[PDB]
Amino acid sequence: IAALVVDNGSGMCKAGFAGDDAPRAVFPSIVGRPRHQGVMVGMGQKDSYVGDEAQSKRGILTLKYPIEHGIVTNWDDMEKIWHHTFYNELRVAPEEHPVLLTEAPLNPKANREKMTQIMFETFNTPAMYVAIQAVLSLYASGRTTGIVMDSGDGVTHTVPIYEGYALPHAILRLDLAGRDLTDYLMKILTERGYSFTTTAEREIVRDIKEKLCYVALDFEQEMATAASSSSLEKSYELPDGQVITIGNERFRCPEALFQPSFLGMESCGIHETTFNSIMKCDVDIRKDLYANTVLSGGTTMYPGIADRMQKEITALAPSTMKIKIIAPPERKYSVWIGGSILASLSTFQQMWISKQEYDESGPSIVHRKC
Amino acid sequence: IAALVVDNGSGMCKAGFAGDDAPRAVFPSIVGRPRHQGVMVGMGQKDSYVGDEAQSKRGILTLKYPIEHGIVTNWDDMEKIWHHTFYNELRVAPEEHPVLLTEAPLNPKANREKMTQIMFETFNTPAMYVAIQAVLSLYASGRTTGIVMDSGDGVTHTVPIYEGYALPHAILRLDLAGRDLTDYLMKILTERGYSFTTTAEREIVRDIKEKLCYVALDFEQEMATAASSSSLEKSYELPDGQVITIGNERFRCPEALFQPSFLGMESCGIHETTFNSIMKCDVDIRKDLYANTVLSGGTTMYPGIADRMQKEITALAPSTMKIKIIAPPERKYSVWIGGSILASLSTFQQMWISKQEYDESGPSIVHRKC
Amino acid sequence: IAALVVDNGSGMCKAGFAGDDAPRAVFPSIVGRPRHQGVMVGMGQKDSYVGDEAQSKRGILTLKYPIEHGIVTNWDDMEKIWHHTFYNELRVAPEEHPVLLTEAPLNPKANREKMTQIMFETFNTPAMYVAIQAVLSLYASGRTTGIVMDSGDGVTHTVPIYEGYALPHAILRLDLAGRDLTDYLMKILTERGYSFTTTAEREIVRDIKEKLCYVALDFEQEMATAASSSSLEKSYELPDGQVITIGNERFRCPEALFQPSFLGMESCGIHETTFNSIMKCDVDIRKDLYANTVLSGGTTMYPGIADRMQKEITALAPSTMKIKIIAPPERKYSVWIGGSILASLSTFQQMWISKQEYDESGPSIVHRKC
């Protein structure tokens, strides 16, 4: 039967059948619960809201993301999200459909084991497999060589791969992501005067970040231009009806990816981490990695990200070196596209973790096929 | 049919049909194996890489030279290299083509026997023969009299030959070669500050040695000039993009051939060994050997080698003696050219080890025709 | 006057007067700088923190080790550390006290020259000298014959010495050290679930490595026992108050010294490098080297290191050979003890680089007395 590919990263759970060029169902990986006791008795009130329903009733619900950073903070909530995906979004019984999932590199095998145990004892799927997100991104890009810098809403990692073999010793994982960028946008918005403190407020700030933020090419000159000419100002309309005028915040919210000193973490920026991962590899395969850097995730859509990354990595890297920042469209769903390609490949169909193999061995079987 | 001449010395396996003035196929005698478990499943991954493919994927492979010094360290790897030569480089089935090989003098007949057994039980070649490399060099030089100082990447040997008869009692074999020179270049490069420790790094250092090193005429004055004027400095571009400035190393890397005290071996230099081999022969045939010294191998290309050898051998040898250091171009492939000439000669065509003779006698047949 | 011996290796700068059996002052070779702009104005805030003060304020400082591998990455920071050693730790004006230092073998004379220039133009010490660390370790061990395998926080090198003369042609330097082991401990800790990414986090991980890691005698059986019985688990208390339970990490963090394939470097393990250095020497002095192997450095304290090294070197070395792994206590300060012994020796007192000799010749004087 047709295998199912589900990517729970990038803040929004994207799932669909293998082979398609786009995911069938996409929605935020969000679980909502009521905050006030209701008075309506005739109206059907459900104890928990998941995904699009929780988004619709965002104003009167508490929102908890199950996936934090790259680890699970509420296995009950993630089980609820998976049930929603399998029964209310894709409309397919997992009892007869093999499933494929994604997980960020350098993640607890405690998390991986709970993932496998949930999917095998709750949904009893005939087969299962767990793959690295950025490897799937490289699958989607087609090329079999080149560093992939994935940066979802929870994780920011790079896994350089050369000529068919990965480089597990050069994997760098970084914490700055969509959630941290949203938090910085919160802080800078209350700096301007618009105070946001609520899960609903957080989602509105995330929408503002998606639809207004961009990365400059030279931060100092951009800041001076925005503070002097005041021509970069843009407006946004909140659901309450009050307009928000945003100035320096546009290129200060996503500047933390390159200057994490704004958020205070000592870790170097995304470009510096990519460059360090490049130098961590062998001295001979450096140029092919330079020429085939791939971006993905949900925190890469920003305008000018490719130009800024190219400029910074050119400044860091030695001269006489061509660094083509491959940033194709659909980076948001590139991970899912790669997962679909991997599941559709016939050779990979034999490397799955079958139910019989699971019942025979268990946790070992799962950290032995990854 | 056309006989095949294969020279596995000089670090790079050179093979081709007999009669041609240049070898048909040349490539490093190198075998590569993956160092990291791959993640790509669709991409065709082969367990072993040999020759040019291993050179192309040098950065993510472990490289082991089968031929060490002048002896085989991995018969499986050399069988793989021979299979590559016979099927993927020369594109000729050995089942109907006689084969000729080369071997350094003073080499284990255990090695020779394993060579013959491999080539007769694996490739089932109708006929076979093993010859001395430097005798082939003398064949290529045309002259039927004169010491040949061969120095490949593994061996450095001289076999004086006079008027059609060799001198087995004056054969001197020395260990300094391309591998030792590359190791000394490694040590002096980490002395300067560029640390190299990898097989890929070793191959890059070998390339640097080929394209930058040269032999001076007076070591002390050259060292003083390079340390004072700093006009001998040259730059090189690594595949990673970092330039390397090389000073005294240029004429210190190949100076070990004349002053092996740098590498610590008590054995005298190449010129001193040549002179000793000259005096080891008869008192009457000394002058013809002096006037017809022949160089060959892959560690002789260096600039100024002929001038330095001439000066040193003139200082060592008595006066009123003309020592013409015959150093023709194509010394790198001179061994193969001589092998092709020997195989093309019609008189030599009867001194081959046929398959029937092998099956009749074996090891004896092979140390009885050499 | 009493000469001063300063060892800047092993990650922690150890210095003190010559003749003493223990160093007077010891502290990490660490320089700290503020990460956030302060608000306190009355409190005395200094621009840079060095050594113990930086360790005390580790949580709010950025920590950069001046000595990287075996080379200097910030001469200003190392000058600051030396000033701290000379004025705030040993409390002695270097204007009237000769100084002795240590440096790993196969190190850039650019680094050595900057060392000498700093110490002669900044501290104007009447005399100076630079010695090899592992030779000092052999001095401390007393024996005048036997390979010393030094492995500090930056370098891992062996310099076989026989009957009063060193063997410069058999010196093998390896990059695996305390910093690499700490990095592997970081990776395996975020593998378990405890993510560490900060200089403070790195220092905490280094402390955990010091106080919890050990080397097994058979890696496969130890891994099986730890994964099955779960009796090797140990706990640690972070300064934040959260306990850390560590299992396989205990003997996986220092297993990289013997199986560097875990960190991905192609270089062979410490035991294999020691064995290779043993075979690199003369065929007659091999047994005395075997019977007198000496360990030192700050990455040797681990439990079971001597037993594992003895087993591995016995397996590698031929039989009927006694390999006594001499691992005396105080290996951490053995280098400094040897330096103190060398400075206290009266014969060595004439081989110093005086200030007049420096002003007369310079860089040459310094690479001519080493």
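Residues numbered from 1 in each chain as written, not as in the entry; some residues may be left out. Chains lettered and ligands numbered in written order. Part of a larger assembly, values for the part shown. Heavy atoms only, no water. Residues with missing side-chain atoms left out of burial classes, pairs and counts.

Structure determination for this PDB entry is given in the record as cryo-EM, at a resolution of 3.4 Å.

### Digging into the overall build of chain A
What counts is decided by this rule: Working definition: helices are DSSP H or I runs of at least four residues, strands are E runs of at least two. Numbering for both runs from the N terminus. Using C-alpha atoms as the atom set, the radius of gyration is obtained and then compared with a globule rule of 2.2 Å times the number of residues to the power 0.38.
Within chain A one finds 14 helices and 20 strands. Taken over C-alpha atoms, the radius of gyration comes to 21 Å for chain A, in line with the 21 Å a tight globule of 370 residues would show. Its C-alpha atoms put chain A at 70 × 65 × 35 Å along the principal axes.

### Notes on the packing of aromatic side chains
Rules: Ring pairs shown here join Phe, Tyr and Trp side chains whose ring centres sit within 6.5 Å, with only the six-membered ring taken for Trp; geometry is labelled stacked below 30 degrees between planes, edge-to-face above 60, and tilted in between. Relative accessibility under 20% of the residue-type maximum defines a buried residue, over 50% an exposed one, and the middle range a partly exposed one, all with a 1.4 Å probe and only protein chains included. Remark: a charge is flagged as sitting over a ring if the NZ atom of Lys or the CZ atom of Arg is within 6 Å of the ring centre and within 35 degrees of the ring normal.
Counted according to the given criterion, the structure contains 24 aromatic pairs over all chains. Between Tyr214 of chain A and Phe251 of chain A, the ring centres sit 6.0 Å apart and the planes meet at 70°, which makes this aromatic pair edge-to-face. With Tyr214 of chain A in the loop between helix 6 (199–212) and helix 7 (219–228) and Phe251 of chain A in helix 8 (residues 249–252), the pair connects residues that are 37 residues apart, well separated along the chain. Given a relative accessible area of 13%, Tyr214 of chain A falls into the buried group. Here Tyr184 of chain C and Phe262 of chain C contribute two aromatic rings whose centre-to-centre distance is 6.2 Å and whose plane-to-plane angle is 20°, an arrangement assigned as stacked. Of the two residues, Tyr184 of chain C sits in helix 5 (residues 178–192) while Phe262 of chain C sits in the loop between helix 8 (249–252) and helix 9 (270–280), which places them 78 residues apart along the sequence. Among the aromatic residues, those joined into a cluster by ring pairs are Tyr184, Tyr214, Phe219, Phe251 and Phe262 of chain A. The ring of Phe258 of chain B has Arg308 of chain B lying over it, and the distance from NZ or CZ to the ring centre is 4.4 Å.

### Notes on the pairing of strand 6 (residues 61–64) of chain A
Residue and element names in this part refer to chain A. To be explicit about the condition: Strands are labelled as partners when DSSP assigns at least two bridges between them.
Side chains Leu61 and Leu63 project from strand 6 onto a buried face, and the interleaved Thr62 and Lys64 project onto a face without burial. One ladder, built from four bridges, connects strand 4 (residues 31–34) with strand 6; its direction is antiparallel. Across the sheet, the residue bridging to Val31 is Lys64, located in strand 6.

### Observations concerning the interface of chain C and chain A
Buried accessible area, meaning the area lost when the parts come together, often serves as the stated size of an interface. Definition in use: Contacts between residues were defined by any pair of non-hydrogen atoms, one from each residue, lying within 4.5 Å. Just so you know the grouping, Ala, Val, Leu, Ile, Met, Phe, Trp, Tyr, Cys and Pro go in nonpolar, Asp, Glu, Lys and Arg go in charged, and all remaining residues, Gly too, go in polar.
Every contact between the two is made by twelve residues of chain C and, on the other side, nine residues of chain A. At the level of elements, strand 6 (61–64) and helix 5 of chain C are the ones that each hand at least two residues to the side of chain C that touches chain A. Among the elements that take part in the side of chain C that touches chain A, helix 5 of chain C stands out by supplying four residues, more than any other. Class assignment for the residues of the side of chain C that touches chain A results in two nonpolar, six polar and four charged.

### Topic: the sheet that holds strand 6 of chain A
Strand pairing in a sheet relies on backbone hydrogen bonds. The paired strands run either parallel or antiparallel. All names here are of chain A. This is how the line gets drawn: A fitted line through C-alpha atoms serves as each axis, taken over the contacting stretch for helices, and the angle formed by two N-to-C directions is quoted from 0 to 180°.
An order of 5-4-6 is seen for the three strands of this open sheet, with the pairing classed as antiparallel. Unpaired on one side and paired on the other, strand 5 (49–50) and strand 6 mark the two borders of the sheet. Sheet topology places strand 4 next to strand 5; two bridges connect them, and they run antiparallel. Residue pairing across strands places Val31 opposite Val50, the latter belonging to strand 5. Where helix 2 (residues 75–89) meets the sheet, it contacts strand 4, strand 5 and strand 6, and its direction lies at approximately 110° from that of strand 4.

### Some points on the interface of chain B and chain A
Counting residues at the interface gives 23 residues for chain B and 26 residues for chain A. Here the residues of the side of chain B that touches chain A are counted per class, giving nine nonpolar, nine polar and five charged.

### Description of the pattern of salt bridges
Residue and element names in this part refer to chain B. Definition in use: By salt bridge we mean one thing: a side-chain nitrogen of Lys or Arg within 4 Å of a carboxyl oxygen of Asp or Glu.
In this structure the tally under the stated criterion is 28 salt bridges over all chains. Across the pair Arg202 and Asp183 runs a salt bridge, and its minimum N-O distance is 2.6 Å. With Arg202 in helix 6 (residues 199–212) and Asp183 in helix 5 (residues 178–192), this residue pair connects regions lying 19 residues apart in the sequence. Taking relative accessible area as the criterion, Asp183 reaches 32% and is therefore assigned partly exposed.

### Notes on the relation of the copies chain C and chain A
One copy of the chain maps onto the other through a rotation about an axis followed by a shift along the same axis. Quick note on the threshold: The fitting set for superposing the copies is their C-alpha atoms, and the method is least squares.
It takes a turn of 167° to lay chain C on chain A, together with a shift of 27 Å along the axis; the resulting RMSD is 0.0 Å. A share of only 8% of the interface residues of chain C reappears at the interface of chain A, consistent with the copies meeting through non-equivalent patches.

### Things to note about the domain arrangement of chain A
Residue and element names in this part refer to chain A. How we decide: Delimitation of the domains relies on an automatic or database domain assignment. As a working definition, buried area equals the accessible area (1.4 Å probe) given up by two parts on being put together, with both sides summed.
We note that the domain assignment places domain 1 (2–133 + 335–370), domain 2 (134–175 + 269–334) and domain 3 (176–267) within chain A. Here the C-alpha centroids of domain 1 and domain 3 sit 31 Å apart. The interface of domain 1 with domain 3 comprises ten residues on the first partner and nine residues on the second. Note on domain 1 versus domain 3: buried area summed over both sides is about 680 Å², and carbon and sulfur give 54% of it. It is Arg58, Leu63 and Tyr65 that lose the most area in domain 1 upon contact with domain 3, and together they represent 66% of the buried surface on that side. Of all the elements, strand 6 adds the most residues to the side of domain 1 that touches domain 3, at three residues.

### A short note on the nonpolar core
Defined as follows: Residues belong to a common nonpolar core when they are buried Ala, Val, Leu, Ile, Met, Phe, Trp, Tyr or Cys residues joined through side-chain atoms within 4.5 Å.
Residues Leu185, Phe196, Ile208, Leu238, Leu257, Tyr290 and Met309 of chain A are the most contacted members of the largest nonpolar core, which totals 52 residues. Looking at this core, the elements with two or more residues in it are helix 5 (178–192), helix 6, strand 17 (243–246), helix 9 (270–280), helix 10 (286–291) and helix 11 (305–316) of chain A together with strand 6 (61–64) of chain B. Ranked by the residues each element gives to this core, the list is headed by helix 5 of chain A, at six residues. If sequence neighbours within four positions are ignored, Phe196 of chain A has contacts with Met186, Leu189, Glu201, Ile204, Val205, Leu238 and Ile244 of chain A.

### Description of the packing of helix 2 (residues 75–89) of chain B against helix 3 (residues 109–121) of chain B
Residues and elements named next belong to chain B. Selection rule: Roughly parallel means an angle under 35 degrees; roughly antiparallel means over 145; roughly perpendicular covers 65 to 115; every other angle is labelled oblique. Handedness of each helix crossing follows the sense of rotation of the near helix against the far helix: counterclockwise by less than a right angle gives left-handed, clockwise gives right-handed.
Interhelical geometry of helix 2 versus helix 3 gives an angle of 45° and a closest axis separation of 11 Å. In terms of orientation, helix 2 and helix 3 fall into the oblique class. Both helix 2 and helix 3 take part in a crossing whose hand is right-handed. Of helix 3, the residues touching helix 2 (which contributes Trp75, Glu79, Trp82 and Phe86) are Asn111, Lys114, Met115, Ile118 and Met119. Here the residues of the contact of helix 2 with helix 3 sort into six nonpolar, one polar and two charged.

### Some points on unusual backbone geometry
Trans peptide bonds make up most of the peptide bonds, and negative phi angles are found at most residues other than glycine. A positive phi angle, near 55°, is found at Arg91 of chain B, a position not held by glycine. Tracing the backbone shows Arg91 of chain B in the loop between helix 2 and strand 9 (99–103). Of note in this structure, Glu330 of chain C is not a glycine but carries a positive phi near 60°.

### Some points on the state of the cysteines
Two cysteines whose sulfur atoms are joined by a covalent bond form what is called a disulfide. Quick reminder of the rule: When the sulfur atoms of two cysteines come within 2.5 Å, that pair is taken as a disulfide.
This model, assessed by the stated rule, comprises zero disulfides over all chains. You can see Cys213 of chain A has no disulfide; the closest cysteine sulfur is in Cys253 of chain A, sitting 3.5 Å from it.

### Some thoughts on the pairing of strand 16 (residues 234–237) of chain C
All names here are of chain C. Note that strand 16 and strand 17 (residues 243–246) share four bridges and pair antiparallel. In the strand pairing of strand 17, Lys234 is matched with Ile246. Counting the residues that bridge the hairpin from strand 16 to strand 17 gives five residues, and of these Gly241 lies at a positive phi of roughly 105°.

### Looking at the environment of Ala15 of chain A
Residue and element names in this part refer to chain A. Looking at the element boundaries, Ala15 is found in strand 2 (residues 12–17). Judged by relative accessible area, which is 1%, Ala15 ranks as buried. Sequence separation of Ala15 and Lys311 is 296 residues, and the distance between their C-alpha atoms is 35 Å. Beyond its immediate sequence surroundings of up to four residues, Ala15 is in contact with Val5, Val6, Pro23, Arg24, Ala25, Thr85, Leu90 and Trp336.

### Regarding helix 5 of chain C
Put simply, the rule is: In this analysis, the expected span of each helix is defined as 1.5 Å times one less than the number of residues it contains.
In this model, helix 5 of chain C (15 residues) spans 21 Å end to end at C-alpha, consistent with the 21 Å of a helix rising 1.5 Å per residue. Note on helix 5 of chain C: the residue one or two positions beyond its end, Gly193 of chain C, has a positive phi of about 145°.

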